[PDB]
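Trainee: just the first chains of my complex for now:
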Amino acid sequence: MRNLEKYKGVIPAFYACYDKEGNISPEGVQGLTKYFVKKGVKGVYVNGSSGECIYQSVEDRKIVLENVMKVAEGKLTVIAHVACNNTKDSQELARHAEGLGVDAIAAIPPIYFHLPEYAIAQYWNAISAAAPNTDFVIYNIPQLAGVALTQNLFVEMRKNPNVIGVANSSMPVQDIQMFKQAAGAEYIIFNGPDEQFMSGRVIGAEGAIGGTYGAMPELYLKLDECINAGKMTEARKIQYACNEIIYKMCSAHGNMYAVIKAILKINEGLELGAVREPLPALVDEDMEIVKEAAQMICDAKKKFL
Amino acid sequence: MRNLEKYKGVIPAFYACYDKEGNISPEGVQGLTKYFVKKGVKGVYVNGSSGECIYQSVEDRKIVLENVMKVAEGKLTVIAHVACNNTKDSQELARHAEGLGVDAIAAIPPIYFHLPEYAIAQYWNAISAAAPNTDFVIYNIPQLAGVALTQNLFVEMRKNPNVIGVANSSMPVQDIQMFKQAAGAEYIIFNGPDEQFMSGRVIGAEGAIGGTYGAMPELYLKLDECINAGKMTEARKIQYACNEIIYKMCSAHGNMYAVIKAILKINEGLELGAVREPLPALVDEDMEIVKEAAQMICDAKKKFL
């Protein structure tokens, strides 16, 4: 009965867009937003870790979301990741995001220290209470956060009526299946590991949020079309092509998001700036990998679209 | 164009069948083998860890395989897991299995100590050399063995022409995708995590070896039929029903395989005996869980077949 159709489809993570001085670029943010509208994705996931949120200030993240919403509002579903190291910064971003009329806010767990489940629930509920009219997505990423969304913690969080589901970036597709089986029809699970897109989708994730989607959004849209059509052979071919490109982008000395920003300059003429330190920048030796990955994306689009 | 069709389908792990004194029961083994023939599964995976191989002697494992082959030969594909703690016992079982005409032998890595990749390759190659006319399957289970089949170790093992692929029991379906992508069309990957059957299958596992399949083989056959037909909604319904049964069986005090042997007595009149210590036996309180799981299996068969 709760309507979650606006979340069903391909929702790329929005990248950090910087100017030449390394500050957030309003023009760069608007340009990348126009790119996502033109590519016909379902939505954008803004100021996630793929958007370098770990490395941004509250003010940086407000400027990014304001500039996304100037272009995207009414055209894309917008999920704003608002978690910060502390609760008060997270509440400030939640209130700001509700003020702009985002569809949902999201939060990773507390990081660095491994906090008990009651403290994790308190953090998410405090963030949710700052945006009390806004859908809330839990982002499960135990490999990086150091704590997991357990089945017991998910039961506790489903007591909050704003919680709509889970963006799952743990590696077991079993976790998707268990969260969806426990929660039932009024919740959505998003597939987080792009390399497993087709496998998380078939086992019950009806949404998909990914850090590599922005490099090749047409391929993930075509993958999703094949899955919805039961064309599993064609879906596998596209998944394998996407994964080969991911492995190529991850083979660079510079960070994978540095590779993606360079690819989008080659393939689209988009200027997204550098990646923020401490993420490592590309070196000269990486430009052959960038060029190869960019061409692999063009070749896969020609093969599959 | 190596022909691996005989490995493509549902291959249950064969359970340990004991008499009342706790020794291997030839009659019990033949009974369980006739059951798998009657259920029309593709093959059986014999003396794996689901068959309590960690807890069996070389002589025990010879008696099991002899009694399986008496019923199964020419009816079922037979894969004999031959790995033991040391190399010489593994070579003895490999030679014995080739002497009986199994389709393939299989091996987990060395366990307990974490041995370097060259020592892992030497162990597998020594086992393969003792069955030099027999297909060889690597069993990847890093969570239990403590070492993984890495992409570099798989490159080295593909130099052995008898290696036909990998039974993958790591949790990431990404591992299935990467092994299949690296190896190509002349290799098969088997899905190991039963809870992820449909997800591993769609991303490129053309076989499936599972410890829970013997409790409910018709449900996994029906799941596989749905997947091959592109009927992903029906596949998901069956996967969810199978996983609910697995979670019920795992809720007991006694070991999951003790629950399955008790279910097979209720549902099929099969007498497989106890589980071998140190695996924990059922307690009286577990029989309500056994009865509930057995009824769940009957109800799923009535719903889905």
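Mentor: Alright, I've got the coordinates. Residues are numbered from 1 along each chain as shown, chains lettered A, B, ... in the order given.
Trainee: give me the number of residues near residue A:123?
Mentor: 20 (other Cβ atoms under 10 Å in any protein chain shown). C-beta: built from backbone N, CA, C; applies to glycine.
Trainee: need the contact list for it.
Mentor: By Cβ atoms under 8 Å, 6 or more residues apart in numbering or on different chains, the residues touching residue A:123 are A:83, A:87, A:90, A:107, A:109-110, A:115.
Trainee: of the residues you listed, which is the nearest to chain B?
Mentor: Nearest to chain B among the contacts of residue A:123: residue A:109, at 20.1 Å, using Cβ to the nearest Cβ.
Trainee: ok, now which ones touch that closest one?
Mentor: Taking Cβ under 8 Å, 6+ apart, we find residue A:109 in contact with A:83, A:115, A:120, A:123-124, A:139-141, A:145, A:147, A:149.
Trainee: one more time with 6 Å, if that's ok
Mentor: Residue A:109 makes contact with A:120, A:145, A:147, according to Cβ atoms under 6 Å, 6 or more residues apart in numbering or on different chains.
Trainee: same question, residue A:84
Mentor: residue A:90.
Trainee: then residue A:275?
Mentor: A:255, A:257-258.
Trainee: for the closest residue to residue A:276 other than its chain neighbours, give me phi and psi.
Mentor: Here the nearest residue to residue A:276 in space, its sequence neighbours aside, is residue A:55; by Cβ to Cβ, 6 or more residues apart in numbering or on different chains that works out to 4.2 Å. When read as degrees, to the nearest 10, the backbone of residue A:55 gives phi -100, psi 10.
Trainee: the closest residue to residue A:240 other than its chain neighbours: which element?
Mentor: Nearest non-adjacent residue to residue A:240, counting by Cβ to Cβ, 6+ apart: residue B:181, 5.8 Å away. Assigned by DSSP states H and E, residue B:181 belongs to helix B:173-183.
Trainee: name the residues of that helix that are buried.
Mentor: B:173-181, B:183 (16 or more other Cβ atoms under 10 Å in any protein chain shown).
Trainee: quick one: residue A:44 from residue A:26, how far?
Mentor: Distance, residue A:44 to residue A:26, using Cβ to Cβ, to the nearest Å: 16 Å.
Trainee: as chain C, please add this:
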Amino acid sequence: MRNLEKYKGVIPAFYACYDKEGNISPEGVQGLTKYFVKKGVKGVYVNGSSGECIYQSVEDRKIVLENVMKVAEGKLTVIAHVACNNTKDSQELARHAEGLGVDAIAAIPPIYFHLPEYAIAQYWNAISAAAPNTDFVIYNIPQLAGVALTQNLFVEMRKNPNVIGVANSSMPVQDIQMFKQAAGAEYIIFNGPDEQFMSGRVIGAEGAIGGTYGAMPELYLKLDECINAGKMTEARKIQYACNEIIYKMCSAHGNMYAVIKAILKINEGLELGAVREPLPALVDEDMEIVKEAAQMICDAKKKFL
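Mentor: Putting chain C together with the chains above:
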């Protein structure tokens, strides 16, 4: 040989001192600094994770360090932990700390994302270059940061002449031994795990930085006196009493640092405020644990001093 005597001894982690509104309290910070001067510890480790640095702004951390330096009167070795999520905030705190004439700056690795060793070295070297006249301590805490100071990364970092050594919070005392053996006499290793103080000290840590020291600094000073005298029976008595107190403080619902601030109100009349969310606050049921731990500290001081 480089003189590191000012770092040898007991250097408590400095706690976050808040007012009733949860902001940094200048008067609270000065109070806690004068407490450490009167207890005769060697120094203080300021704005570490035990000081809630994860949860503090750059401005918060500047206010803390300014108020320490205002009242320390040169009586304390001051190590200022300056690592932030991003490099530019870390460089800002490094420059600020050198401007106040701290003895050393310190840095955990980059967190959340697992960055390659060249990126970790670039982060530390960038922070060090912002305080180019200041001693630099690497803080190794792989359990929380998700990356380790490896032997190869330590070789690279010893190329920077400002690096004086490692605060080691990994659990193996082998790591202390290996870092000390590799580096030699011109470097200092600080023991991080308070529960292993005597064990890390004897195997080559000549310094000690600890989150629990501020609850009971006289006990750690007396432990260190026993170790330096070769009085290992007396040292073990104190270590066991300290560890029992730590286990009692960690038994609370509220965060261990919340327990310590409540203990310091009982035993010292110090008002340090709460802990910052998301760290969980004490509940009513915890005050029995707080009072028991406070009494255990008083009784240990009567037994051992």
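Trainee: can you check the contacts of residue A:109 again with chain C included?
Mentor: With contact taken as Cβ under 6 Å, 6+ apart, residue A:109 is in contact with A:120, A:145, A:147.
Trainee: so which of the residues you listed is surrounded by the most neighbours?
Mentor: Result: residue A:120 is most packed of these (other Cβ under 10 Å), 25 neighbours.
Trainee: tell me the contacts of that residue?
Mentor: residue A:109.
Trainee: going by secondary structure, it is in what exactly?
Mentor: Using DSSP H and E, residue A:120 sits in helix A:117-130.
Trainee: and that helix, how far from the chain's centre?
Mentor: For helix A:117-130, the separation from the chain centroid amounts to 21 Å (computed by Cα atoms, centre = their mean, to the nearest Å).
Trainee: name the residues of it that are buried.
Mentor: So, applying 16+ other Cβ under 10 Å, buried residues of helix A:117-130: A:117, A:119-128, A:130.
Trainee: same question, stretch A:2-12
Mentor: A:4, A:6-12.
Trainee: strand partners (parallel or antiparallel) of the helix or strand following the helix holding residue A:120?
Mentor: Using DSSP H and E, the helix or strand that follows helix A:117-130 in sequence is strand A:135-140. Using DSSP bridges, strand A:135-140 pairs in its sheet with strand A:104-107 (parallel), strand A:163-168 (parallel).
Trainee: the very next helix or strand once past strand A:135-140 close to chain C?
Mentor: Per DSSP H and E, strand A:135-140 leads on to helix A:142-145 as the next helix or strand towards the C-terminus. Yes - using Cβ under 6 Å from any Cβ of the partner chain, helix A:142-145 reaches chain C at residue A:144.
Trainee: run through the residues of the stretch 101-250 of chain A sitting next to chain C.
Mentor: Within the stretch 101-250 of chain A, the positions near chain C by Cβ under 6 Å from any Cβ are A:110-112, A:119, A:123, A:144.
Trainee: of all pairs in those, which one spans the longest distance?
Mentor: Farthest pair in those (Cβ to Cβ) is A:119 and A:144. Separation: 18.0 Å.
Trainee: the helix holding residue A:120 vs strand A:163-168, what angle?
Mentor: On the basis of axes from the mean of the first three to the mean of the last three Cα atoms, to 10 degrees, helix A:117-130 is oriented at 120 degrees to strand A:163-168.
Trainee: burial of residue A:39, as a residue count?
Mentor: Number of residues near residue A:39 (other Cβ under 10 Å) recorded here: 17.
Trainee: then add chain D to what we have above:
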Amino acid sequence: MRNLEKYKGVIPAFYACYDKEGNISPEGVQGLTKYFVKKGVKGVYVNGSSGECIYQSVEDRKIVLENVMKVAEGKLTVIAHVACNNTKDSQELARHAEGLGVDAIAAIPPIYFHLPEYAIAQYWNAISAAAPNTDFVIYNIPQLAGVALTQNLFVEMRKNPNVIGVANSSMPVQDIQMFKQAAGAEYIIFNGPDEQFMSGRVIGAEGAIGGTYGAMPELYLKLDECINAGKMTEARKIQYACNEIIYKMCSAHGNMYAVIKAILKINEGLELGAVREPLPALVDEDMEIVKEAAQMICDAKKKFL
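Mentor: Alright, chain D goes in next:
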């Protein structure tokens, strides 16, 4: 109060002694036993993983212990590690060991599968009941077994009056401290990680069982003498020399125990045979490392004895 003085001191792990055909050598076992008597160690720990027990049959392990007991002449404390993959083989070895009058039997936990604590306790108690008049040592090695001796499981095991303590090979010396603090004076903790010998000893391990001791037993006896005298600087020098030798021995292609057997041929003229496959054998390139480590041991003995 239970007298555990016979367990306090240096107890080397006894190596596997093979003939040229790779079977257990009765003459080789007697020779290595007489070597340990000559070197004046407190005892031997027989058929542990350093003795290649994972790779031995029940019959192999009986032959080893028979030949130790034949020539020890009451001069050594004998701890017989009797754990096997299954319970019945473990019970057979426990009964055999009690029949020879060993001082203690020992057991690692169940391996490969991760069994619940009640199943671990059942395994140890079944082994102990087969040697009901014999002291029992729990061997904690979570890194290899995949399960830990938790504080709760140790409480349960202290209900068995034959349990005398724990050989602790987990890396935190905190685990030694917590086991000793819980158990008190009628129990002994043995330090397992040889690289941490002096640190485990000072925090409350009164015994020490080590796989590298047999390469250089005089150095560990001299280390223990320095610790008992409170001479921590002299102790640290010996610990560092021992650790440098361990790191050299572990730098070979062949397994560390293969390097130690080759060193004992050079330094002592002992013939212990190969290591059992799958442990990797030395290659020609390793003989320079063997000779260097053998010389390092001679040089350390000249410096410290």
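Trainee: once more for the buried residues of helix B:173-183, now including chain D?
Mentor: B:173-181, B:183.
Trainee: ditto for stretch A:201-210
Mentor: For stretch A:201-210, the neighbour count (16+ other Cβ under 10 Å) marks A:201-210 as buried.
Trainee: chain neighbours aside, what residue packs nearest to residue A:40?
Mentor: Closest residue to residue A:40 apart from its sequence neighbours, by Cβ to Cβ, 6+ apart: residue A:221 at 6.8 Å.
Trainee: ok so, going back, now the helix holding residue B:181 against strand B:135-140, angle please.
Mentor: 140 degrees.
Trainee: next helix or strand past helix B:173-183?
Mentor: Following helix B:173-183 toward the C-terminus (DSSP H and E): strand B:188-191.
Trainee: circling back: give me the number of residues near the residue nearest to residue A:40?
Mentor: Going by other Cβ under 10 Å, the residues that sit close to residue A:221 add up to 19.
Trainee: got it, and residue A:74?
Mentor: The number of residues packed near residue A:74 is 7, by other Cβ under 10 Å.
Trainee: can you tell me the SS state at it?
Mentor: Put simply, residue A:74 is coil when judged by DSSP: H, G, I helix; E, B strand; the rest coil.
Trainee: now the closest residue to residue A:158 other than its chain neighbours: how far from residue A:105?
Mentor: Distances taken as Cβ to Cβ, 6+ apart put residue A:183 closest to residue A:158, at 6.5 Å, once the chain neighbours are dropped. Counting by Cβ to Cβ, the gap between residue A:183 and residue A:105 amounts to 18 Å.
Trainee: in stretch A:243-255, what counts as buried?
Mentor: Neighbour-count burial for stretch A:243-255, with 16+ other Cβ under 10 Å as criterion, is recorded at A:243, A:245-246, A:248-249, A:252-255.
Trainee: redo the residues you listed as a markdown table? Include distance to residue A:161 and secondary structure.
Mentor: Shown next, in a markdown table, are the buried residues of stretch A:243-255 (distance: Cβ to Cβ, whole Å; DSSP: H, G, I helix; E, B strand; the rest coil):
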| residue | distance to residue A:161 | secondary structure |
| --- | --- | --- |
| A:243 | 38 | helix |
| A:245 | 40 | helix |
| A:246 | 37 | helix |
| A:248 | 44 | helix |
| A:249 | 40 | helix |
| A:252 | 44 | coil |
| A:253 | 47 | coil |
| A:254 | 43 | coil |
| A:255 | 39 | coil |
